[PDB]
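Remarks on the structure that follows.
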Amino acid sequence: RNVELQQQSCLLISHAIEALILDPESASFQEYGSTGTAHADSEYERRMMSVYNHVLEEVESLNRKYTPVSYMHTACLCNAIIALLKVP
Amino acid sequence: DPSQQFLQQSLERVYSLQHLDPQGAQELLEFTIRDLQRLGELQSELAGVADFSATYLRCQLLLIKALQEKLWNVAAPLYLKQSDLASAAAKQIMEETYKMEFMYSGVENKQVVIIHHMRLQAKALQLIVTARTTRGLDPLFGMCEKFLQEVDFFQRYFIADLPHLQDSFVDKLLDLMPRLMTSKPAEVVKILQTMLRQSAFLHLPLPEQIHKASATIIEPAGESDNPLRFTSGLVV
Amino acid sequence: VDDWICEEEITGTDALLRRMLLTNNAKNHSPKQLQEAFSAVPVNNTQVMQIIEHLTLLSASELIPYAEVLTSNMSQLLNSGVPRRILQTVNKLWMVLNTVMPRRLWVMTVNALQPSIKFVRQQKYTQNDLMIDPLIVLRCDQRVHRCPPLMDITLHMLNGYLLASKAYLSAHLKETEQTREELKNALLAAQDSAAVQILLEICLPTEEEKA
Amino acid sequence: XXXXXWXXXXXXXXXXXXXXXXXXXXX
Amino acid sequence: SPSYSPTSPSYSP
Amino acid sequence: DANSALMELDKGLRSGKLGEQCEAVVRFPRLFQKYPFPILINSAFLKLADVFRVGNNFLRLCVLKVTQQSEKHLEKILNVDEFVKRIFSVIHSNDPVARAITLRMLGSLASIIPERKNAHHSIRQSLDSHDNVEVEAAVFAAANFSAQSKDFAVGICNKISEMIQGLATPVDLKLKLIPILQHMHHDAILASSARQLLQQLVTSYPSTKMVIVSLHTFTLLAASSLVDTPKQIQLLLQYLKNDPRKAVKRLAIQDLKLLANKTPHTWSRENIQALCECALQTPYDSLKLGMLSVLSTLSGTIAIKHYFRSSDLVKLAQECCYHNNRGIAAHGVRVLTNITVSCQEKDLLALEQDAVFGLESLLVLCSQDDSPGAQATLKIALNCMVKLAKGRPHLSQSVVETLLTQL
Amino acid sequence: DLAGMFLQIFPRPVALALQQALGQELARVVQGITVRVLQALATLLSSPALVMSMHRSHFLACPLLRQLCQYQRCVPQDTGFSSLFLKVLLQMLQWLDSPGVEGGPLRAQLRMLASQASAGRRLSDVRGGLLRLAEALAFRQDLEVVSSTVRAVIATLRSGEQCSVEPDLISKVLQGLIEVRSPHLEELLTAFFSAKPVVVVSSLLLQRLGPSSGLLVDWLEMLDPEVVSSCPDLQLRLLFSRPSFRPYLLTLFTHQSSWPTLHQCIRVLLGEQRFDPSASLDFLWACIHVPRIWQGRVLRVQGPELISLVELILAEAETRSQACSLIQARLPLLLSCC
């Protein structure tokens, strides 16, 4: 689960690059994760999925609101880096 | 006939306990599959109906286990197929439905309709699993339209026994079908994912006489290590 | 082989009965309690039934402390009215004890089954004495000759000591070597023949019981 | 009884960890 | 042989 | 080399001395472990059968021990006919010990010679012999062959029946003779006939050893042949509530424990109700603890959903939750916790706090004593409260608080 | 105070502190305030209330009673705590012995605590307590009364020695306990026969027994060392007469009894239709074919003995006729006897 969490972290960063820098028109489909029973076994897993949900919501909320050369795009992605690294 | 009575009792125990938690449903299905397998190993004349019902309950168990995976709790970009379980589950249900339809002698229309219903459920599960891993919109729309075409073919072929499948996958599809043509395909995938979990488990009408199609070959007799020599490029 | 094939499993009934009955933890059963049951001058057969029927459930490793009380009270088991179940159960327990302690058990049983006319009547029968002269085991209480559960025990000891005397004589021959092989073979053959002849004389319907 | 207790259920002692225990225990 | 009856079935190798 | 070692321990079995010959025989399983080659295992087993045929009874017993220790390797000999024939040739010996050893060989070889009719006939003939060791070995061989062959079982069922109701057969040999019926799990009518014989047999011989052995073989038949289970469960409950002996009740308890561990889904609500009623009106803690162990095994399965307000199981769990015995308390707490986390009905809201305070009382009783038996109940209670905290989240605060106050 | 916190608890963290103090005292006793708590509870229950508060909050009340019982059991030599606890339990039940209370776990816990404590006393005499048990069996049901009296009789036989046995009274009491299916039947038989039981068990078996017949058969096998050794008339009536447990007793008697007993049995059986012919012929056929006789490998009878055998076989033939196969099966025995 820890290895899967790291893989999901870098997948999240790659998707955050793609959906709001490279091609916001082609990307940002109905990627609404069915967050029902969050059966996270550890506190670390809870923090990682909370960070993932927050970053995905920020990406979806800032999908096409700006031109692809944006200060908000770099700021939200570059603070997603901080949110991912804040949890030890 | 104590064995026939036990088979009926185990099947109705499965049917009448379809309101449990997923773990309890998996436990009940595993218990009944084990009991049906051992009953087939004991009563020879009921072996065919025993493993017929066992394959049906294995299909339902695979569907339940696939619908309770960890991939539904993660988003589409965070989905990863290298730890996937539902993709193999849909393929296994397809194989078991074909095995059920064609290696059993005593099948009829009243069983073929449930077999094809389980095939439709497996196709829907595979559609949602493939929709999880697709980022483009047009291939997802393509096999969503193909799946709706398959559902239309099913309602056209089996229109006679449609009023026997109460609260199932196909009739609850038929209620929402005019919405389903006009819905965006990602919303179609989402409503299918939320509607498989709410679909009611069907019942198998037990055939009077049914046997497995069995085949064993004896003349090759694969227990001799002596090679069968011949000239290269010629025939043996 | 008869002392070895009895360890072969049959149907698992004994392990089942041990598990279902030895867990009663009625720990009153002891060599002291069984000795008090035997040593009652108004002797009661019911209490010794209860104790040895409990003893049959025990393993051979945990039947070791009961060997002395089981052997040394075998003279009372010939006393003209002892029930057949007591004798059969004692024979069963002796056969169980024979699988783990036979070299001691044969000496104790031979010392127990003496006629005991005198105070000891040579209670100092050692293992060396019985290996020197295996026919000592036929000099029993003479009431055993019509007690089949004790004929089973004495025939077991007789066969064992007849087998042991061959090894003892070979060991003594090699030790005192520092022909005699022919004389040893003649002694062994005459010893087995004498044992067979005494056994056949036991089979005779003696004139006390004839009329 | 934690299902994920590392110190507990030490019946499955490894090779490196056993040697590490032997080296850092008696010291 | 003393271990077999005279009327016992013979063993043919 | 494999064949070199085979010759090295093969030269020892013509030594004439019995010691080196038994040396040579009992070295064979190590050779089988080192060199599992079928063409070599075949030759080794054939010469083992030859020295079995010509050797004395102790050598035959050594061959028997080797055969028992090498049961997985004797399926790969493939010269079965002559090997079994040269072993079987000394079933005709006038020695009953040799006949017994050969019957034990046949029972040991029953995995690779099922439906071998002369072996069946030899077992049937030796079951009526007058020598006790031969009859015991025939019982062992019949128990082995009934497990591996149904054609042996159908006739031997009638034979074992007729020699159980035959009163010339002694009681101890009857006791050894009952568990042959355990292997009647081949045909439904065969299992039904075995159950009828066992039903007549329990009431015909009401001895405590007889009822223990007959009930255990009836339940092994019912577990192996699956269409016997509800009537076996109700028979066990009937014998648990009616037979006054503690040993019979103890077998009924451990037997229902076995049947609940194997097939908990086949328990009806009436069976759980009868077991609960048995646990209410018993005066002995040693039997109540076992009954609550069976009910706690049943509580962790889907049998509770088949069982389901405040029922007799809930009242029994509440009563056994506050008990001076720590094991009974642990089992009652386990039942209460399983009922609480099993469903979400309105009735369990009252007994949720009952489970919490029973957990706290078991903690305050099991912590200061340091008994080896107290640590098991402590582990049971702490696992139960872990399950209570995880299954139902809201009440975990009180569980954590009482752990902190107990620490 | 103490009564203040009892009124604080039942009508909640103070209960946990009360529970911890009880746990502390039990820890000190087993290694190196309970009496004050029991005195406060007794003085509070003497004044008429709290019993409905403890009934509704049974999950705070039952652990306290359990801790008090554990303290009572850990120091039984401390006389005064046990007696005060017994009066507390009896008063608590007396306040709870009401028709409408909806009693639950608390009432059952108090009932089992009372059955553990008050039934541990030793009754005065075996004869008087046995007569009391006979009367309690004889009124109608009295299951709680029967349980208390059998516990008292068990304690009396465990502590005291024998008394005026009156075997008719013992037989009547055992028959009553069998007919009411008392769970203490095995204990009562063990205590009775630890300190002529053959006559009692034989008369019980000769008389419905139902599921309790197996215990009596086990005792008859075990207390009687042989099968027919003492009061032989009852044992011949048990074995051969015109019972479901009879073949087990026959199997015992064929292999457990001695040769003089077997010979006397066949003499009195052969030399009136008193005996069952099927059991008689089966017993004779098994006696001829004892495996001890034929191990490793023909009985002479007298004139009237052989006569009595042949009309016994004929009587078996007519009682089977109510075909010739059983006559043919009995022919080898008449051939062997002649």
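Each chain of the structure tokens is named A, B, ... in the order shown, its residues numbered from 1; ligands are numbered from 1 in display order.
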
Would you kindly return, as a ChimeraX atom specification, each protein, DNA or RNA residue with an atom no farther than 12 Å from any atom of residue 6 of chain A, considering only C-alpha atoms and excluding same-chain residues fewer than 2 positions away?
/A:1-4,8-13,44-45,48-49,52,84-85,87-88 /B:78,80

Can you list every residue in segment 18-110 of chain G that DSSP puts in alpha helix (DSSP H), as number ranges by chain?
G: 18-31, 34-46, 50-56, 58-74, 81-96, 105-110

Those same residues - C-alpha atoms - I'd like them written as an mmCIF file, in the first residue's frame.
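What landed in result25.cif:
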```cif
data_model
loop_
_atom_site.group_PDB
_atom_site.id
_atom_site.type_symbol
_atom_site.label_atom_id
_atom_site.label_comp_id
_atom_site.auth_asym_id
_atom_site.auth_seq_id
_atom_site.Cartn_x
_atom_site.Cartn_y
_atom_site.Cartn_z
ATOM 1 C CA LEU G 18 -14.626 2.615 42.531
ATOM 2 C CA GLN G 19 -13.814 -0.279 40.188
ATOM 3 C CA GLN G 20 -10.105 0.592 40.276
ATOM 4 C CA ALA G 21 -10.060 0.705 44.089
ATOM 5 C CA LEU G 22 -11.642 -2.761 44.211
ATOM 6 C CA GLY G 23 -9.046 -3.989 41.720
ATOM 7 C CA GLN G 24 -6.275 -2.473 43.835
ATOM 8 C CA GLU G 25 -7.426 -4.278 46.989
ATOM 9 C CA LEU G 26 -7.681 -7.654 45.236
ATOM 10 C CA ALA G 27 -4.173 -7.108 43.864
ATOM 11 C CA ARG G 28 -2.882 -6.384 47.374
ATOM 12 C CA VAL G 29 -4.593 -9.477 48.804
ATOM 13 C CA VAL G 30 -3.217 -11.909 46.211
ATOM 14 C CA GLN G 31 0.297 -10.441 46.601
ATOM 15 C CA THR G 34 -14.119 -3.806 50.099
ATOM 16 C CA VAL G 35 -15.686 -4.434 53.517
ATOM 17 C CA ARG G 36 -16.557 -0.741 53.873
ATOM 18 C CA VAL G 37 -18.201 -0.794 50.428
ATOM 19 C CA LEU G 38 -20.216 -3.902 51.329
ATOM 20 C CA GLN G 39 -21.278 -2.354 54.650
ATOM 21 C CA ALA G 40 -22.360 0.836 52.863
ATOM 22 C CA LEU G 41 -24.325 -1.217 50.323
ATOM 23 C CA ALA G 42 -25.999 -3.250 53.086
ATOM 24 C CA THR G 43 -26.919 -0.168 55.124
ATOM 25 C CA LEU G 44 -28.287 1.506 51.994
ATOM 26 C CA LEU G 45 -30.360 -1.544 51.021
ATOM 27 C CA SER G 46 -31.711 -1.863 54.567
ATOM 28 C CA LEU G 50 -31.762 1.812 44.193
ATOM 29 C CA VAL G 51 -32.714 -1.655 42.909
ATOM 30 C CA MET G 52 -34.453 -0.191 39.852
ATOM 31 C CA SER G 53 -31.435 2.039 39.201
ATOM 32 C CA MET G 54 -29.105 -0.961 39.396
ATOM 33 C CA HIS G 55 -31.511 -2.969 37.230
ATOM 34 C CA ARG G 56 -31.565 -0.341 34.477
ATOM 35 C CA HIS G 58 -26.852 -3.458 35.100
ATOM 36 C CA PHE G 59 -23.573 -2.848 33.252
ATOM 37 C CA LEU G 60 -22.359 -0.741 36.183
ATOM 38 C CA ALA G 61 -23.867 -3.008 38.860
ATOM 39 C CA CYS G 62 -22.890 -6.533 37.793
ATOM 40 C CA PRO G 63 -19.090 -5.842 37.648
ATOM 41 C CA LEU G 64 -19.251 -4.514 41.224
ATOM 42 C CA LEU G 65 -21.013 -7.665 42.435
ATOM 43 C CA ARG G 66 -18.506 -9.758 40.481
ATOM 44 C CA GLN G 67 -15.596 -7.988 42.194
ATOM 45 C CA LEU G 68 -17.270 -8.497 45.581
ATOM 46 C CA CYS G 69 -17.696 -12.209 44.824
ATOM 47 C CA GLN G 70 -14.043 -12.467 43.781
ATOM 48 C CA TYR G 71 -12.992 -10.855 47.065
ATOM 49 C CA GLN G 72 -15.295 -13.234 48.951
ATOM 50 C CA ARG G 73 -13.755 -16.250 47.215
ATOM 51 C CA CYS G 74 -10.135 -15.096 47.542
ATOM 52 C CA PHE G 81 -17.641 -10.609 54.647
ATOM 53 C CA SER G 82 -19.203 -13.785 53.229
ATOM 54 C CA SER G 83 -22.167 -13.676 55.625
ATOM 55 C CA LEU G 84 -22.830 -9.974 55.010
ATOM 56 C CA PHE G 85 -22.548 -10.574 51.261
ATOM 57 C CA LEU G 86 -25.010 -13.475 51.538
ATOM 58 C CA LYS G 87 -27.582 -11.330 53.361
ATOM 59 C CA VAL G 88 -27.016 -8.574 50.773
ATOM 60 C CA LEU G 89 -27.670 -11.020 47.919
ATOM 61 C CA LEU G 90 -30.759 -12.497 49.599
ATOM 62 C CA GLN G 91 -32.208 -9.048 50.361
ATOM 63 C CA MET G 92 -31.464 -7.923 46.795
ATOM 64 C CA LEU G 93 -33.285 -10.963 45.385
ATOM 65 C CA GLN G 94 -36.160 -10.441 47.838
ATOM 66 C CA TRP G 95 -36.570 -6.904 46.523
ATOM 67 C CA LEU G 96 -36.257 -8.338 42.990
ATOM 68 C CA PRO G 105 -28.697 -9.951 33.484
ATOM 69 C CA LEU G 106 -28.664 -8.513 37.017
ATOM 70 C CA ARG G 107 -31.314 -10.919 38.330
ATOM 71 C CA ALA G 108 -29.563 -13.924 36.773
ATOM 72 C CA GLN G 109 -26.180 -12.830 38.140
ATOM 73 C CA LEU G 110 -27.639 -12.435 41.632
#
```

Could you pull the residues within 8 Å of residue 125 of chain B, counting only C-alpha atoms, minus those fewer than 6 positions along the same chain, as number ranges by chain?
B: 86, 90, 193

For the selection just defined, write its residues with C-alpha atoms to a file, as a short mmCIF file (atom, residue, chain, number, x, y, z; two decimals), in the first residue's frame.
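In the end it all went to part-v1.cif:
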```cif
data_model
loop_
_atom_site.label_atom_id
_atom_site.label_comp_id
_atom_site.auth_asym_id
_atom_site.auth_seq_id
_atom_site.Cartn_x
_atom_site.Cartn_y
_atom_site.Cartn_z
CA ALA B 86 -11.58 -6.71 -11.46
CA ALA B 90 -14.73 -9.87 -15.80
CA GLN B 193 -20.94 1.36 -11.55
#
```

Please check the contacts: residues of chain A at most 12 Å away from chain F, using only C-alpha atoms, listed as JSON, numbers by chain.
{"A": [39, 40, 41]}

Restricted to N, CA, C and O atoms, what would the selected residues look like written as a PDB file, in the first residue's frame?
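And here's again_2.pdb as it stands now:
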```pdb
ATOM      1  N   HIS A  39     -11.377   3.327   3.575  1.00  0.00           N
ATOM      2  CA  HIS A  39     -10.822   2.302   4.458  1.00  0.00           C
ATOM      3  C   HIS A  39      -9.296   2.354   4.407  1.00  0.00           C
ATOM      4  O   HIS A  39      -8.615   1.452   3.916  1.00  0.00           O
ATOM      5  N   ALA A  40      -8.760   3.448   4.940  1.00  0.00           N
ATOM      6  CA  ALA A  40      -7.322   3.656   5.006  1.00  0.00           C
ATOM      7  C   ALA A  40      -6.801   3.100   6.324  1.00  0.00           C
ATOM      8  O   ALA A  40      -7.230   3.530   7.400  1.00  0.00           O
ATOM      9  N   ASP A  41      -5.870   2.147   6.237  1.00  0.00           N
ATOM     10  CA  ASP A  41      -5.451   1.403   7.419  1.00  0.00           C
ATOM     11  C   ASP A  41      -4.538   2.217   8.325  1.00  0.00           C
ATOM     12  O   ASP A  41      -4.492   1.966   9.534  1.00  0.00           O
TER      13      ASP A  41
END
```

Output as a PDB file with N, CA and C atoms, in the first residue's frame the set of chain G residues within 7 Å of chain F, with distances taken over only C-alpha atoms.
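Printed below is iface.pdb as written:
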```pdb
ATOM      1  N   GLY G  23     -10.124  -3.253  42.362  1.00  0.00           N
ATOM      2  CA  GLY G  23      -9.046  -3.989  41.720  1.00  0.00           C
ATOM      3  C   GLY G  23      -7.724  -3.845  42.448  1.00  0.00           C
ATOM      4  N   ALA G  27      -5.584  -6.954  44.203  1.00  0.00           N
ATOM      5  CA  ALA G  27      -4.173  -7.108  43.864  1.00  0.00           C
ATOM      6  C   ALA G  27      -3.305  -7.158  45.114  1.00  0.00           C
ATOM      7  N   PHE G  59     -24.960  -2.825  33.687  1.00  0.00           N
ATOM      8  CA  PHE G  59     -23.573  -2.848  33.252  1.00  0.00           C
ATOM      9  C   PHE G  59     -22.652  -2.003  34.127  1.00  0.00           C
ATOM     10  N   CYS G  62     -23.420  -5.171  37.833  1.00  0.00           N
ATOM     11  CA  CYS G  62     -22.890  -6.533  37.793  1.00  0.00           C
ATOM     12  C   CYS G  62     -21.369  -6.634  37.937  1.00  0.00           C
ATOM     13  N   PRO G  63     -20.530  -5.770  37.329  1.00  0.00           N
ATOM     14  CA  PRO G  63     -19.090  -5.842  37.648  1.00  0.00           C
ATOM     15  C   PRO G  63     -18.761  -5.616  39.115  1.00  0.00           C
ATOM     16  N   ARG G  66     -19.518  -8.781  40.865  1.00  0.00           N
ATOM     17  CA  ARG G  66     -18.506  -9.758  40.481  1.00  0.00           C
ATOM     18  C   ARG G  66     -17.210  -9.545  41.254  1.00  0.00           C
ATOM     19  N   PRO G 105     -29.990  -9.396  33.051  1.00  0.00           N
ATOM     20  CA  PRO G 105     -28.697  -9.951  33.484  1.00  0.00           C
ATOM     21  C   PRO G 105     -28.432  -9.804  34.970  1.00  0.00           C
ATOM     22  N   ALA G 108     -30.226 -12.641  36.982  1.00  0.00           N
ATOM     23  CA  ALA G 108     -29.563 -13.924  36.773  1.00  0.00           C
ATOM     24  C   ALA G 108     -28.207 -13.974  37.464  1.00  0.00           C
ATOM     25  N   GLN G 109     -27.464 -12.862  37.446  1.00  0.00           N
ATOM     26  CA  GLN G 109     -26.180 -12.830  38.140  1.00  0.00           C
ATOM     27  C   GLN G 109     -26.359 -12.965  39.644  1.00  0.00           C
ATOM     28  N   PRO G 183     -29.966 -32.220  36.372  1.00  0.00           N
ATOM     29  CA  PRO G 183     -28.585 -32.204  35.870  1.00  0.00           C
ATOM     30  C   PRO G 183     -27.553 -32.657  36.888  1.00  0.00           C
ATOM     31  N   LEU G 185     -27.674 -35.504  38.543  1.00  0.00           N
ATOM     32  CA  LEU G 185     -27.852 -36.939  38.743  1.00  0.00           C
ATOM     33  C   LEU G 185     -26.517 -37.671  38.801  1.00  0.00           C
ATOM     34  N   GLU G 186     -25.579 -37.308  37.922  1.00  0.00           N
ATOM     35  CA  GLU G 186     -24.270 -37.953  37.925  1.00  0.00           C
ATOM     36  C   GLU G 186     -23.504 -37.654  39.206  1.00  0.00           C
ATOM     37  N   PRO G 211     -32.886 -41.280  28.456  1.00  0.00           N
ATOM     38  CA  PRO G 211     -31.463 -40.987  28.239  1.00  0.00           C
ATOM     39  C   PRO G 211     -30.585 -41.275  29.441  1.00  0.00           C
ATOM     40  N   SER G 212     -31.161 -41.439  30.627  1.00  0.00           N
ATOM     41  CA  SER G 212     -30.378 -41.675  31.832  1.00  0.00           C
ATOM     42  C   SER G 212     -30.018 -43.138  32.031  1.00  0.00           C
ATOM     43  N   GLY G 214     -27.996 -44.941  30.251  1.00  0.00           N
ATOM     44  CA  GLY G 214     -26.589 -45.186  29.990  1.00  0.00           C
ATOM     45  C   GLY G 214     -25.712 -44.966  31.207  1.00  0.00           C
ATOM     46  N   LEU G 215     -26.038 -43.956  32.015  1.00  0.00           N
ATOM     47  CA  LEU G 215     -25.292 -43.712  33.245  1.00  0.00           C
ATOM     48  C   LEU G 215     -25.459 -44.863  34.229  1.00  0.00           C
ATOM     49  N   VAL G 217     -26.193 -47.962  33.407  1.00  0.00           N
ATOM     50  CA  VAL G 217     -25.486 -49.104  32.838  1.00  0.00           C
ATOM     51  C   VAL G 217     -23.987 -48.994  33.094  1.00  0.00           C
ATOM     52  N   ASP G 218     -23.426 -47.788  32.951  1.00  0.00           N
ATOM     53  CA  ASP G 218     -22.018 -47.568  33.274  1.00  0.00           C
ATOM     54  C   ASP G 218     -21.729 -47.859  34.736  1.00  0.00           C
ATOM     55  N   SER G 244     -33.449 -52.104  26.055  1.00  0.00           N
ATOM     56  CA  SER G 244     -32.592 -51.669  24.958  1.00  0.00           C
ATOM     57  C   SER G 244     -31.118 -51.876  25.280  1.00  0.00           C
ATOM     58  N   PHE G 245     -30.746 -51.783  26.552  1.00  0.00           N
ATOM     59  CA  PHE G 245     -29.368 -51.950  26.988  1.00  0.00           C
ATOM     60  C   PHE G 245     -29.003 -53.403  27.254  1.00  0.00           C
ATOM     61  N   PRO G 247     -28.382 -56.135  25.180  1.00  0.00           N
ATOM     62  CA  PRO G 247     -27.231 -56.739  24.480  1.00  0.00           C
ATOM     63  C   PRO G 247     -25.877 -56.285  24.990  1.00  0.00           C
ATOM     64  N   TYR G 248     -25.759 -55.047  25.475  1.00  0.00           N
ATOM     65  CA  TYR G 248     -24.504 -54.618  26.079  1.00  0.00           C
ATOM     66  C   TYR G 248     -24.207 -55.397  27.354  1.00  0.00           C
ATOM     67  N   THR G 251     -23.116 -58.833  26.361  1.00  0.00           N
ATOM     68  CA  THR G 251     -21.748 -58.799  25.860  1.00  0.00           C
ATOM     69  C   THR G 251     -20.750 -58.681  27.001  1.00  0.00           C
ATOM     70  N   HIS G 255     -18.031 -62.000  28.514  1.00  0.00           N
ATOM     71  CA  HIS G 255     -16.587 -61.817  28.523  1.00  0.00           C
ATOM     72  C   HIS G 255     -16.020 -61.338  29.852  1.00  0.00           C
ATOM     73  N   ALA G 286     -22.546 -67.572  21.941  1.00  0.00           N
ATOM     74  CA  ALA G 286     -21.361 -66.763  22.191  1.00  0.00           C
ATOM     75  C   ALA G 286     -20.461 -67.389  23.247  1.00  0.00           C
ATOM     76  N   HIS G 289     -18.327 -69.909  21.562  1.00  0.00           N
ATOM     77  CA  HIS G 289     -17.376 -69.308  20.630  1.00  0.00           C
ATOM     78  C   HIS G 289     -16.617 -68.138  21.241  1.00  0.00           C
ATOM     79  N   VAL G 290     -16.236 -68.245  22.506  1.00  0.00           N
ATOM     80  CA  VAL G 290     -15.366 -67.239  23.126  1.00  0.00           C
ATOM     81  C   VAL G 290     -14.004 -67.269  22.438  1.00  0.00           C
ATOM     82  N   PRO G 291     -13.480 -66.127  21.976  1.00  0.00           N
ATOM     83  CA  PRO G 291     -12.209 -66.143  21.227  1.00  0.00           C
ATOM     84  C   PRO G 291     -10.999 -66.558  22.050  1.00  0.00           C
ATOM     85  N   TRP G 294     -10.679 -70.430  21.447  1.00  0.00           N
ATOM     86  CA  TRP G 294     -10.292 -70.897  20.124  1.00  0.00           C
ATOM     87  C   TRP G 294      -9.036 -70.225  19.590  1.00  0.00           C
ATOM     88  N   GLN G 295      -8.301 -69.506  20.433  1.00  0.00           N
ATOM     89  CA  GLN G 295      -7.148 -68.746  19.970  1.00  0.00           C
ATOM     90  C   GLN G 295      -6.020 -69.680  19.544  1.00  0.00           C
ATOM     91  N   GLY G 296      -5.513 -69.472  18.330  1.00  0.00           N
ATOM     92  CA  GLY G 296      -4.423 -70.258  17.799  1.00  0.00           C
ATOM     93  C   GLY G 296      -4.821 -71.563  17.144  1.00  0.00           C
TER      94      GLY G 296
END
```

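Distance annotation: of F:63, F:382, F:403, F:9, the residue with the minimal separation from residue 2 of chain D is F:382; atom set is only C-alpha atoms.
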
Taking only C-alpha atoms into account and nothing else, which residues of chain B lie no more than 9 Å away from chain F? Please answer as a short mmCIF file (atom, residue, chain, number, x, y, z; two decimals) with N, CA and C atoms, in the first residue's frame.
```
data_model
loop_
_atom_site.label_atom_id
_atom_site.label_comp_id
_atom_site.auth_asym_id
_atom_site.auth_seq_id
_atom_site.Cartn_x
_atom_site.Cartn_y
_atom_site.Cartn_z
N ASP B 1 -34.79 -38.36 -1.86
CA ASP B 1 -33.61 -37.71 -2.42
C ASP B 1 -33.05 -36.64 -1.48
N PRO B 2 -32.26 -37.07 -0.49
CA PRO B 2 -31.62 -36.10 0.41
C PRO B 2 -30.65 -35.16 -0.29
N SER B 3 -29.95 -35.64 -1.33
CA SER B 3 -28.97 -34.80 -2.02
C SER B 3 -29.65 -33.69 -2.81
N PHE B 6 -30.86 -31.17 -0.37
CA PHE B 6 -29.77 -30.33 0.12
C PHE B 6 -29.36 -29.30 -0.92
N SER B 10 -29.46 -25.39 -0.16
CA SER B 10 -28.29 -24.52 -0.26
C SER B 10 -28.52 -23.39 -1.24
N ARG B 13 -30.79 -20.97 0.41
CA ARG B 13 -30.04 -20.27 1.44
C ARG B 13 -29.20 -19.15 0.84
N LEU B 17 -30.34 -14.97 1.53
CA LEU B 17 -29.39 -14.21 2.33
C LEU B 17 -28.62 -13.22 1.47
N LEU B 20 -26.79 -9.25 2.95
CA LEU B 20 -25.72 -9.18 3.92
C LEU B 20 -24.66 -8.17 3.49
N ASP B 21 -23.64 -8.03 4.33
CA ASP B 21 -22.45 -7.28 3.96
C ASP B 21 -21.70 -8.03 2.86
N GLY B 24 -19.81 -11.04 4.25
CA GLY B 24 -20.70 -12.15 4.54
C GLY B 24 -21.23 -12.83 3.29
N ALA B 25 -21.51 -12.04 2.25
CA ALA B 25 -21.95 -12.61 0.98
C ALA B 25 -20.86 -13.46 0.35
N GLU B 27 -18.44 -14.96 2.00
CA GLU B 27 -18.31 -16.15 2.84
C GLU B 27 -19.40 -17.17 2.55
N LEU B 28 -20.64 -16.70 2.40
CA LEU B 28 -21.75 -17.60 2.08
C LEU B 28 -21.57 -18.25 0.72
N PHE B 31 -18.81 -20.89 0.98
CA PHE B 31 -19.32 -22.08 1.65
C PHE B 31 -20.20 -22.91 0.73
N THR B 32 -21.10 -22.25 -0.01
CA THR B 32 -22.03 -22.99 -0.84
C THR B 32 -21.33 -23.57 -2.07
N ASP B 35 -19.63 -26.65 -0.79
CA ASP B 35 -20.62 -27.70 -0.55
C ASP B 35 -21.13 -28.30 -1.85
N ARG B 38 -18.36 -30.57 -3.32
CA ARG B 38 -18.28 -31.85 -2.62
C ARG B 38 -19.51 -32.71 -2.87
N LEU B 39 -20.69 -32.09 -3.02
CA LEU B 39 -21.89 -32.84 -3.38
C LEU B 39 -21.77 -33.44 -4.77
N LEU B 42 -19.86 -36.50 -4.56
CA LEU B 42 -20.49 -37.57 -3.81
C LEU B 42 -21.65 -38.20 -4.57
N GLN B 43 -22.64 -37.41 -4.97
CA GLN B 43 -23.76 -37.90 -5.77
C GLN B 43 -23.40 -37.73 -7.24
#
```

Which residues are close to residue 154 of chain C, i.e. within 12 Å by only C-alpha atoms, leaving aside same-chain residues fewer than 3 positions away? Reply as number ranges by chain.
C: 74, 91, 94-95, 105-114, 134-142, 144-145, 147-151, 157-162, 199

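Contact shell of residue 168 of chain C at 9 Å (only C-alpha atoms; same-chain neighbours under 5 positions omitted): residues 128, 131, 132 and 173 of chain C.
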